[PDB]
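This report concerns only the one structure given below.
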Amino acid sequence: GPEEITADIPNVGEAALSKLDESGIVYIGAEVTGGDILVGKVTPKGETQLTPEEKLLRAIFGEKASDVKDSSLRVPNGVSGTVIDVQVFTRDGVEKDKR
Amino acid sequence: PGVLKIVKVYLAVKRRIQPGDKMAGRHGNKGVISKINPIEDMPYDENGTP
Amino acid sequence: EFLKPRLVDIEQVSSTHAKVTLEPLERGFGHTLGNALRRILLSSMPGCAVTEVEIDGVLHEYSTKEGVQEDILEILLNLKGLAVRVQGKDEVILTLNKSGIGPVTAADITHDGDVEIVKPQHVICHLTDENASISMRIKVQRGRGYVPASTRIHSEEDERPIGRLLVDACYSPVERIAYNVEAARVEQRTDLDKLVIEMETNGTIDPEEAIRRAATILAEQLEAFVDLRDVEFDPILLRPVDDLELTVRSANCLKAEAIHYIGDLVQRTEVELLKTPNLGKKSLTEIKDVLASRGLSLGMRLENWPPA
């Protein structure tokens, strides 16, 4: 399926998402280091054999229940700085991003 | 065709001078720094400017 | 048998320059006192410096503001060299609001209760658009020596809003110190020397106060010479064993082997623990099972064992 960029990243807590806006991209001027998330990109996973343990998992947690993996942009280790500019580009036909 | 969205993020960091750094004049004389001496330890002239 | 220097004829060349004279000194004490004083003055003198800034429409140091001629990095570099004096406060906040044309100087800083601007002709930025305004909040602290903005990590305990710009701190008022030794005017004495110290500061510290503080620091340091003389931690360990809820048959055998703490138990290898009386092979699994239930596998090695 299609890869979506969302702020809500499963398995990752609120603290890491502090420096991400409602669109999932770091604020301009945010000071980052180590491995903080810069953009939150989610990769979907294929599942079509619907099993009861997955039903219990889907019932207790969200509709995704963290089925989809996350592959987000993180600062490579040993690099620090302050975000200067973000240059998001979009395809024709796709809905415009918030930023 | 494959890509639907591109995001580019810029980072800026200010590197300050430190012992390992390499410094050179324009007459072929190069070197690496060895120590960052305090102000009061450097030689000074009769006017006190180090 | 020694003469004591007295601070006489303190003369003020300008609001920044200064000369301090010590008239009576012995044959060789002039150079010793001069160098000790100069090193103390240049090393550690309390002063006040700008630590952080917060402009209204700024986000980071690498941005530009509409209507101002200098970049934000240039504005911070200009603010770094600004000098102030404060009485009894170490956390002063200065608000600067100016709209109009031409330069913006330290003189138009809103007048606080007790915050003395030494040079109010110190320009920090320019405004070029008529309907352009600059509004900023500058934090001034009191410190001792040079402290880079990067080294201070203790301030990261509480999160900072995006826009709080950190500048480096100098904290040292004294910029240049020199000294000279000449012959005194004391005619009855055989030969006496007079010491003169010329100082160049940022206008923050009084010269007499600076020399007094340096002498106090030297005496305090020397006070330690006047009398020489002088000639198992992780909380899961060090707990009673009666918290793992063992079996009844295991209660007596553990007590029989003088194992009364959790830590001392994890050091007993399997090969010898089996030789214990009436242990039971199935009961040996039970103790391992409950010990692994906390994350400790049986057979670790420690370095000591206190009674506690």
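Residue numbers (the authors' numbering), protein chains in the order written: chain A, 846 to 944; chain B, 1044 to 1093; chain C, 7 to 237, 248 to 324.
All residues carry an ideal CB built from backbone N, CA and C; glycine is no exception.
With 16 other Cβ atoms within 10 Å as the buried cut-off, status of A/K886: Counting from one through the first sequence, the residue named residue 886 of chain A turns up at place 41. Buried.
CB contact check: C/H128 to chain A, cutoff 9 Å: Your numbering for residue 128 of chain C matches position 122 in the third sequence. Chain A contact via Cβ: absent.
Between the CA atoms of B/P1093 and residue 1126 of chain B - distance to the nearest angstrom: With chain B represented from 1044 up to 1093, any question about residue 1126 of chain B goes unanswered, as that position is not in the structure.
Proximity test, Cβ basis, 9 Å: A/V887 and chain B: The count along the first sequence starts at 1 and reaches residue 887 of chain A at position 42. For A/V887, the answer is no, since every Cβ of chain B falls outside 9 Å of its Cβ.
Where the beta strand (DSSP E) through C/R148 begins and ends: One-based indexing of the third sequence puts residue 148 of chain C at position 142. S139 to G149 is the span of the beta strand (DSSP E), which, as asked, contains C/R148.
Host beta strand (DSSP E) of residue 242 of chain C (start-end): For residue 242 of chain C, nothing is modelled; it lies in the interval where chain C passes from 237 to 248 with no residues in between.
Residue nearest to C/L65 in terms of C-alpha spacing, selected from C/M142, C/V56, C/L48 and C/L295: Mapped onto the third sequence, residue 65 of chain C falls at position 59. Measuring from the Cα of C/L65, the nearest candidate turns out to be C/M142.
Backbone secondary structure at C/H132 - three-state DSSP: Counted from its first residue, the third sequence places residue 132 of chain C at position 126. Strand, per DSSP.
Chain-ordered chain C contacts of A/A875 [CB-CB under 8 Å]: As a first step, residue 875 of chain A must be located in the first sequence, where it is residue number 30. Correct list: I168.
Residue range of the beta strand (DSSP E) that includes C/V90: In the third sequence, counting from the first residue as 1, residue 90 of chain C sits at position 84. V90 to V92 is the extent of the beta strand (DSSP E) around C/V90.
Euclidean distance between Cα positions of C/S49 and B/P1062: If you number the third sequence from 1, residue 49 of chain C lands on position 43. If you number the second sequence from 1, residue 1062 of chain B lands on position 19. Their Cα atoms are separated by approximately 21 Å.
Cα-Cα separation between C/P179 and C/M51, rounded to whole angstroms: Along the third sequence, read from residue 1 onward, the residue named residue 179 of chain C stands at position 173. Along the third sequence, read from residue 1 onward, the residue named residue 51 of chain C stands at position 45. So the alpha carbons of these two residues sit roughly 7 Å apart.
Residue environment, B/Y1053, which counts as buried when at least 16 other CB atoms sit within 10 Å: Against the second sequence, residue 1053 of chain B aligns to sequence position 10. B/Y1053 should be labelled exposed.
Inter-stretch contact (C-beta, 8 Å, three-pair minimum) for the segment 253 to 262 of chain C and the segment 162 to 169 of chain C: no
Residue nearest to C/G311 in terms of C-alpha spacing, selected from C/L102, C/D250 and C/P293: Here residue 311 of chain C corresponds to residue number 295 of the third sequence, with the count starting at 1. The residue with the shortest Cα to Cα distance from C/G311 is C/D250.
Pairwise C-alpha distance: A/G858 and C/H276: In the third sequence, the residue the question calls residue 276 of chain C occupies position 260. In the first sequence, the residue the question calls residue 858 of chain A occupies position 13. Whole-angstrom Cα-Cα distance: 41 Å.
Proximity below 9 Å, CB of C/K71 to CB of C/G209: Locating residue 71 of chain C in the third sequence gives position 65, where the first residue counts as 1. Locating residue 209 of chain C in the third sequence gives position 203, where the first residue counts as 1. No, these two residues do not count as a Cβ contact at 9 Å.
Best match in C/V14, C/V19, C/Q18 and C/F35 for proximity to C/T27 [C-alpha to C-alpha]: Within the third sequence, residue 27 of chain C is the residue found at index 21, counting from 1. Looking at the Cα atoms, C/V14 is the closest of the given residues.
Nearest-angstrom Cβ-Cβ length linking C/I144 and C/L85, presumed shorter than 8 Å: For this step, residue 144 of chain C is matched to residue 138 along the third sequence. For this step, residue 85 of chain C is matched to residue 79 along the third sequence. Confirmed, Cβ separation roughly 6 Å.
Interface partners of C/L28 on chain A, CB under 7 Å: The count along the third sequence starts at 1 and reaches residue 28 of chain C at position 22. None at all; the shortest Cβ gap to chain A is about 50 Å.
Nearest-angstrom Cα separation, counted from C/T207 out to C/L9: Taking the third sequence and counting its residues from 1, one reaches residue 9 of chain C at position 3. Taking the third sequence and counting its residues from 1, one reaches residue 207 of chain C at position 201. Roughly 30 Å separates the two Cα atoms.
Closer than 8 Å at the beta carbon, the chain B residues around A/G926: The residue given as residue 926 of chain A occupies position 81 in the first sequence. Simply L1054, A1055 and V1056.
Helix, strand or coil at B/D1084 according to DSSP, with G and I counted as helix: In the second sequence, counting from the first residue as 1, residue 1084 of chain B sits at position 41. Three-state DSSP puts B/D1084 in a helix.
C/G40 versus C/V129: straight-line alpha-carbon distance, rounded: Along the third sequence, read from residue 1 onward, the residue named residue 40 of chain C stands at position 34. Along the third sequence, read from residue 1 onward, the residue named residue 129 of chain C stands at position 123. Roughly 36 Å between the two C-alpha positions.
Positions along the segment 55 to 75 of chain C whose CB lies within less than 7 Å of some CB in chain A: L65, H66 and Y68
Beta-carbon neighbours of C/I183, restricted to chain B and to distances below 7 Å: Along the third sequence, read from residue 1 onward, the residue named residue 183 of chain C stands at position 177. Within chain B, the residues near C/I183 are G1091.
Cα-Cα separation, C/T57 to C/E80: Position 51 of the third sequence, counted from the start, is the residue given in the question as residue 57 of chain C. Position 74 of the third sequence, counted from the start, is the residue given in the question as residue 80 of chain C. Each residue's alpha carbon lies about 15 Å from the other.
Bridge partners - B/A1067, DSSP secondary structure assignment: On the second sequence, position 24 is the one that residue 1067 of chain B refers to. Looking at the DSSP assignment, B/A1067 forms a beta bridge with B/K1073.
Among C/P293, C/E204, C/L295 and C/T116, the one whose alpha carbon lies nearest that of C/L100: Within the third sequence, residue 100 of chain C is the residue found at index 94, counting from 1. Nearest of C/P293, C/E204, C/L295 and C/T116 to C/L100, Cα basis: C/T116.
Same chain, Cβ closer than 6 Å to C/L47, neighbours up to 5 away in sequence not counted: By one-based count along the third sequence, residue 47 of chain C stands at place 41. Closer than 6 Å at the Cβ level, and outside the excluded window around C/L47, lie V180, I183 and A220.
Neighbour-count burial assignment, C/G279, 16 or more Cβ in a 10 Å radius: For the purposes of this step, residue 279 of chain C is identified with residue 263 of the third sequence, where counting begins at 1. Classification for C/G279: buried.
Enclosing alpha helix (DSSP H) for C/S105 [first to last residue]: For the purposes of this step, residue 105 of chain C is taken as residue 99 along the third sequence, with counting starting at 1. That residue, C/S105, is in no alpha helix (DSSP H); its beta strand (DSSP E) goes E97 to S105.
Cα-Cα separation, A/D915 to A/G923: For the purposes of this step, residue 915 of chain A is identified with residue 70 of the first sequence, where counting begins at 1. For the purposes of this step, residue 923 of chain A is identified with residue 78 of the first sequence, where counting begins at 1. The alpha-carbon atoms of A/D915 and A/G923 are separated by roughly 22 Å.
Chain A within 9 Å of C/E319, Cβ atoms only: Start at 1 with the first residue of the third sequence, and residue 319 of chain C comes out as number 303. C/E319 does not count as touching chain A.
Proximal residues of chain C, C-beta to C-beta of A/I929 below 8 Å: Walking along the first sequence from the start, residue 929 of chain A turns up at place 84. Per Cβ cutoff of 8 Å: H66 and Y68.
CB contact below 9 Å: A/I854 versus chain B: Residue mapping note: residue 854 of chain A aligns to position 9 of the first sequence, counting from 1. So, not an interface residue.
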